[PDB]
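Following: one structure in structure tokens, then a few remarks.
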Amino acid sequence: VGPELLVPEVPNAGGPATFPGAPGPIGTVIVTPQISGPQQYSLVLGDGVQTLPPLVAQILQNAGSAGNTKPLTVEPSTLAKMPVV
Amino acid sequence: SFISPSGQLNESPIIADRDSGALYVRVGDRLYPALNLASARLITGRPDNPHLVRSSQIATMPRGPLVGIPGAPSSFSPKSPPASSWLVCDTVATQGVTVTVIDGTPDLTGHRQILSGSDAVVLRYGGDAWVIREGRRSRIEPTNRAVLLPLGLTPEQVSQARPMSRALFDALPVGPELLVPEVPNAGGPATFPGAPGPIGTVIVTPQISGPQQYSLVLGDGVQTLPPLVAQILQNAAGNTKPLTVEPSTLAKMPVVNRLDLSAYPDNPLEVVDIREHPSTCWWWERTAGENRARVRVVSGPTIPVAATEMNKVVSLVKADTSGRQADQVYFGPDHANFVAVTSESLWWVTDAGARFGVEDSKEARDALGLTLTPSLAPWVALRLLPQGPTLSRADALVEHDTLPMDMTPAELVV
């Protein structure tokens with residue numbers, strides 16, 4: 001038996017982030033613009049951001065849609081200032 | 001003579017007991033027991049093999065204390081092929097690393113592959129991350145997303161990389177760091193008229209035939225840029241687009257070639273997933289008479305040695321815990337016993353993996369043999385083998401009653 005295929009359960013979803021400059025509430029998906037090379041998806045957690053594989057990003061957006069269909073876009077210069085977790 | 005072979009004393013000065021194998025050397029009218037063939041040749045001065053003599057004959061002649069160099073080689077067979085190949089292989093376990101030195105041509109069969117072009121691998125050493133490609137190592141910083149992003153890297157992938165051994169780290173030559181190229185006089189005025197803007201800005205000229213041509217306006221003129229390098233410069237925010245200009249005016253403006261772009265690749269890196277390729281090797285290749293050797297990098301699932309030979313790797317004792325000594329040694333086909341290194345120095349490497357220095361003088365050479373020309377080898381590899389005393393006639397002429405004991409030996413397991 002392997003791990004069960006379920007929607008990733010983000011902890012304490014919806015609350016405010018601890019670190020400054022967070023582009024949105026905890027559990028939102030953020031992506032880099034296409035004009036600066038291959039796009040990298042990421043998830044905003046309480047104390048920073050974590051990288052996401054292209055397939056998992058679609059599941060989180062499809063599941064957490066609630067009417068939304070696209071992620072937040074951030075410039076490479078500002079993204080580099082947020083702490084990695 | 002065929003039923004029960006035997007022997008008798010003759011003009012030859014190196015003799016051995018027909019039934020006990022002990023080695024003896026004559027000096028005048030007295031026989032001295034010698035520690036090994038190397039010291040026996042060096043003491044008598046004749047390149048020869050021991051002559052078997054009847055054991056009852058040796059008992060009649062007078063004796064003396066032991067002579068020679070302890071631990072010297074005991075079998076000479078000079079080999080020096082036309083092509084010399086050496087490799088230093090690093091292998092990581094699923095913590096800790098092992099260093100293996102290979103002599104002779106490597107085996108490229110299987111999933112093994114040469115690393116070139118867009119292929120690269122990331123490793124950790126001294127607290128820093130290094131990118132390995134086209135035979136060079138370049139430092140990278142995990143926070144500079146402006147570099148990692150167009151290059152196709154990920155900060156997690158850069159920070160979680162596996163360690164690298166000191167042996168391989170010193171062997172690989174360093175290149176310029178993967179950082180945003182700093183431009184001189186950036187933000188200042190141009191030295192030449194007609195410059196479309198301040199120095200450090202990117203200028204582009206579209207064409208009817210072929211892709212767009214990017215350029216950087218330097219204080220003394222423009223220099224052409226590759227697309228991937230322009231995307232790095234396009235990240236600071238900075239300007240949304242470069243200045244668009246006519247081909248003719250740009251062709252009339254002065255051209256410069258002052259900045260160095262040698263390290264940036266043409267396309268996003270194809271990072272090798274180390275979990276499947278845990279073995280990486282640095283390879284040096286040279287042909288006799290060529291002015292320069294070829295340096296390359298190889299990676300794969302196992303050391304570049306055939307599975308049939310894999311069982312004959314030699315495991316050293318490694319009394320030296322520092323990084324200057326290898327853990328394993330292997331001699332493939334067309335290996336070299338007699339070697340010279342870049343004023344030159346001569347070394348003899350034994351089958352057991354020890355190296356001994358040989359004097360350049362005619363006496364030392366003529367006594368051992370070694371008249372043929374030695375093969376070349378790189379010092380960054382050869383130094384990893386353990387070193388013994390030099391084969392100098394000036395020090396083989398000694399007597400001892402007993403020898404000093406070896407501290408810190410290692411266990412022999414049956």
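Residue numbering restarts at 1 in every chain; chains get A, B, ... in the order shown in the structure tokens, and ligands count up from 1 in that same order.
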Inset, instruction - Just need the residues of chain B within 10 Å of chain A, counting only C-alpha atoms, so spit them out as a list in words. - result: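 Per the criterion, chain B yields residues 142, 143, 144, 145, 146, 147, 148, 149, 150, 151, 152, 153, 154, 155, 156, 228, 231, 232, 234, 235, 236, 237, 238, 240 and 268 of chain B.
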Inset, instruction - Apply DSSP to the backbone of this structure and, from chain A, keep only the residues in helix (DSSP H, G or I); write these as a list in words. - result: residues 34, 35, 36, 54, 55, 56, 57, 58, 59, 60, 61, 62, 63, 76, 77, 78 and 79 of chain A
Deliver the residues from the most recent selection as a file, using N, CA, C and O atoms, as a JSON list (two decimals), in the first residue's frame.
```json
[["chain", "number", "residue", "atom", "x", "y", "z"],
["A", 34, "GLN", "N", 5.43, 34.58, -18.19],
["A", 34, "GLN", "CA", 6.01, 33.75, -19.25],
["A", 34, "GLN", "C", 7.15, 34.42, -20.01],
["A", 34, "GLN", "O", 7.98, 33.72, -20.60],
["A", 35, "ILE", "N", 7.21, 35.76, -20.03],
["A", 35, "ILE", "CA", 8.25, 36.47, -20.77],
["A", 35, "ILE", "C", 9.64, 36.28, -20.18],
["A", 35, "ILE", "O", 10.62, 36.66, -20.83],
["A", 36, "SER", "N", 9.74, 35.74, -18.98],
["A", 36, "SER", "CA", 11.04, 35.52, -18.34],
["A", 36, "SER", "C", 11.33, 34.03, -18.18],
["A", 36, "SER", "O", 11.71, 33.58, -17.10],
["A", 54, "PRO", "N", 4.00, 21.29, -11.83],
["A", 54, "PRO", "CA", 2.92, 21.75, -12.71],
["A", 54, "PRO", "C", 1.59, 21.02, -12.58],
["A", 54, "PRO", "O", 0.53, 21.64, -12.72],
["A", 55, "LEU", "N", 1.61, 19.72, -12.32],
["A", 55, "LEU", "CA", 0.38, 18.94, -12.16],
["A", 55, "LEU", "C", -0.35, 19.25, -10.86],
["A", 55, "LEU", "O", -1.57, 19.41, -10.86],
["A", 56, "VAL", "N", 0.38, 19.35, -9.75],
["A", 56, "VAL", "CA", -0.26, 19.65, -8.47],
["A", 56, "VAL", "C", -0.88, 21.04, -8.46],
["A", 56, "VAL", "O", -1.91, 21.26, -7.83],
["A", 57, "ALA", "N", -0.27, 22.00, -9.15],
["A", 57, "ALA", "CA", -0.84, 23.34, -9.23],
["A", 57, "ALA", "C", -2.24, 23.32, -9.85],
["A", 57, "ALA", "O", -3.13, 24.04, -9.40],
["A", 58, "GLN", "N", -2.45, 22.49, -10.86],
["A", 58, "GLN", "CA", -3.77, 22.38, -11.48],
["A", 58, "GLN", "C", -4.80, 21.79, -10.52],
["A", 58, "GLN", "O", -5.94, 22.28, -10.45],
["A", 59, "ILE", "N", -4.43, 20.77, -9.75],
["A", 59, "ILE", "CA", -5.35, 20.18, -8.78],
["A", 59, "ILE", "C", -5.77, 21.22, -7.74],
["A", 59, "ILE", "O", -6.96, 21.38, -7.46],
["A", 60, "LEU", "N", -4.81, 21.93, -7.17],
["A", 60, "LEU", "CA", -5.15, 22.94, -6.17],
["A", 60, "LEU", "C", -6.05, 24.04, -6.74],
["A", 60, "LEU", "O", -7.00, 24.46, -6.08],
["A", 61, "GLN", "N", -5.77, 24.51, -7.96],
["A", 61, "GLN", "CA", -6.64, 25.53, -8.54],
["A", 61, "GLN", "C", -8.02, 24.97, -8.88],
["A", 61, "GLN", "O", -9.04, 25.62, -8.64],
["A", 62, "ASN", "N", -8.08, 23.76, -9.42],
["A", 62, "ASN", "CA", -9.36, 23.14, -9.73],
["A", 62, "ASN", "C", -10.17, 22.91, -8.47],
["A", 62, "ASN", "O", -11.37, 23.22, -8.41],
["A", 63, "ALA", "N", -9.53, 22.38, -7.43],
["A", 63, "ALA", "CA", -10.22, 22.12, -6.16],
["A", 63, "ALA", "C", -10.57, 23.41, -5.43],
["A", 63, "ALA", "O", -11.72, 23.61, -5.03],
["A", 76, "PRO", "N", 9.57, 38.73, -11.14],
["A", 76, "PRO", "CA", 10.73, 38.02, -10.57],
["A", 76, "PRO", "C", 11.48, 38.80, -9.50],
["A", 76, "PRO", "O", 11.96, 38.21, -8.53],
["A", 77, "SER", "N", 11.57, 40.12, -9.66],
["A", 77, "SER", "CA", 12.26, 40.97, -8.69],
["A", 77, "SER", "C", 11.61, 40.95, -7.31],
["A", 77, "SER", "O", 12.31, 40.91, -6.30],
["A", 78, "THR", "N", 10.28, 40.96, -7.25],
["A", 78, "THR", "CA", 9.62, 40.91, -5.95],
["A", 78, "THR", "C", 9.56, 39.50, -5.38],
["A", 78, "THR", "O", 9.66, 39.32, -4.17],
["A", 79, "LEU", "N", 9.41, 38.49, -6.24],
["A", 79, "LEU", "CA", 9.36, 37.11, -5.78],
["A", 79, "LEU", "C", 10.63, 36.72, -5.03],
["A", 79, "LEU", "O", 10.58, 36.02, -4.02]]
```
Inset, instruction - From a DSSP pass on the backbone, collect the residues of chain A flagged as strand (DSSP E or B) and hand them back as a PyMOL selection string. - result: chain A and resi 29-31+41-44+49-52+72-73+84
Could the residues in this selection be written to a file with C-alpha atoms, as a PDB file, in the first residue's frame?
```pdb
ATOM      1  CA  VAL A  29      -1.253  29.929  -5.931  1.00  0.00           C
ATOM      2  CA  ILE A  30       1.334  32.327  -7.404  1.00  0.00           C
ATOM      3  CA  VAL A  31       3.064  32.114 -10.801  1.00  0.00           C
ATOM      4  CA  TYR A  41       4.242  27.707  -9.799  1.00  0.00           C
ATOM      5  CA  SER A  42       4.326  28.271  -6.049  1.00  0.00           C
ATOM      6  CA  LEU A  43       2.100  28.100  -2.972  1.00  0.00           C
ATOM      7  CA  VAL A  44       2.018  30.736  -0.225  1.00  0.00           C
ATOM      8  CA  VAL A  49       6.391  30.022  -0.177  1.00  0.00           C
ATOM      9  CA  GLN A  50       6.902  26.467  -1.433  1.00  0.00           C
ATOM     10  CA  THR A  51       7.407  25.366  -5.035  1.00  0.00           C
ATOM     11  CA  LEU A  52       4.749  23.262  -6.795  1.00  0.00           C
ATOM     12  CA  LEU A  72      -1.723  35.464  -9.175  1.00  0.00           C
ATOM     13  CA  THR A  73       1.193  36.800 -11.251  1.00  0.00           C
ATOM     14  CA  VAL A  84      11.497  29.906   0.985  1.00  0.00           C
TER      15      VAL A  84
END
```
Inset, instruction - For residue A:47, list every protein, DNA or RNA residue within 7 Å, evaluated using only C-alpha atoms, and leave out those in the same chain fewer than 4 positions away; present the list as a ChimeraX atom specification. - result: /A:17-19,85
Legend entry - Neighbour list for residue B:385 as a list in words, cut-off 7 Å, only C-alpha atoms, skip fewer than 3 positions in-chain: residues 325, 326, 353, 354, 355 and 382 of chain B
Legend entry - Coordinates-based distance that separates atom CA of residue B:289 from atom CA of residue B:113 (Å, one decimal):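 Pair atom CA of residue B:113 / atom CA of residue B:289 returns 27.9 Å.
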Legend entry - Distance query residue A:13 at most 12 Å, only C-alpha atoms, self and fewer than 4 positions along chain excluded, as a ChimeraX atom specification: /A:8-9,17,24-28,43-46,64
Put those residues in a file: N, CA, C and O atoms, as a short mmCIF file (atom, residue, chain, number, x, y, z; two decimals), in the first residue's frame.
```
data_model
loop_
_atom_site.label_atom_id
_atom_site.label_comp_id
_atom_site.auth_asym_id
_atom_site.auth_seq_id
_atom_site.Cartn_x
_atom_site.Cartn_y
_atom_site.Cartn_z
N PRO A 8 -4.35 17.89 -1.75
CA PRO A 8 -3.41 18.28 -0.69
C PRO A 8 -4.12 19.13 0.35
O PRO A 8 -4.80 20.11 0.03
N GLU A 9 -3.95 18.75 1.62
CA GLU A 9 -4.62 19.42 2.73
C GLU A 9 -3.72 20.51 3.32
O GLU A 9 -2.94 20.28 4.24
N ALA A 17 -0.84 35.73 6.28
CA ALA A 17 0.55 35.30 6.32
C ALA A 17 1.35 36.08 7.36
O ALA A 17 1.06 37.24 7.67
N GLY A 24 -1.06 37.37 -1.19
CA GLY A 24 -2.42 36.99 -0.89
C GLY A 24 -2.52 36.13 0.35
O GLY A 24 -1.55 35.88 1.06
N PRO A 25 -3.74 35.68 0.65
CA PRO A 25 -3.96 34.84 1.82
C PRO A 25 -3.36 33.45 1.64
O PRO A 25 -3.16 32.95 0.54
N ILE A 26 -3.10 32.83 2.79
CA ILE A 26 -2.50 31.50 2.87
C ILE A 26 -3.29 30.50 2.05
O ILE A 26 -4.51 30.38 2.18
N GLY A 27 -2.58 29.77 1.20
CA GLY A 27 -3.15 28.78 0.31
C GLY A 27 -3.42 29.25 -1.11
O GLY A 27 -3.94 28.46 -1.91
N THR A 28 -3.10 30.49 -1.45
CA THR A 28 -3.24 30.95 -2.83
C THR A 28 -2.05 30.51 -3.67
O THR A 28 -0.95 30.29 -3.16
N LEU A 43 3.18 28.04 -3.95
CA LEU A 43 2.10 28.10 -2.97
C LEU A 43 2.55 28.95 -1.80
O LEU A 43 3.66 28.77 -1.29
N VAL A 44 1.70 29.88 -1.37
CA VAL A 44 2.02 30.74 -0.22
C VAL A 44 1.53 30.09 1.07
O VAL A 44 0.33 29.86 1.25
N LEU A 45 2.47 29.79 1.95
CA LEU A 45 2.21 29.21 3.25
C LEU A 45 2.28 30.30 4.31
O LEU A 45 2.39 31.49 4.01
N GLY A 46 2.21 29.89 5.57
CA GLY A 46 2.20 30.85 6.66
C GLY A 46 3.51 31.61 6.78
O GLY A 46 3.51 32.84 6.92
N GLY A 64 -9.60 24.29 -5.24
CA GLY A 64 -9.86 25.52 -4.53
C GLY A 64 -10.44 26.64 -5.35
O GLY A 64 -10.48 27.79 -4.90
#
```
Inset, instruction - Measure the distance from atom CA of residue B:169 to atom CA of residue B:96 in Å and round it to one decimal. - result: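 Between these atoms lies a distance of 15.0 Å.
Of the listed residues B:35, B:183, B:336, B:243, the one whose atoms come nearest to residue B:202 is B:243, with distances taken using only C-alpha atoms.
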Legend entry - Closest of B:272, B:216, B:58, B:397 to residue B:298 - atom-to-atom distances counting only C-alpha atoms: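 Among B:272, B:216, B:58, B:397, it is B:272 that comes nearest to residue B:298.
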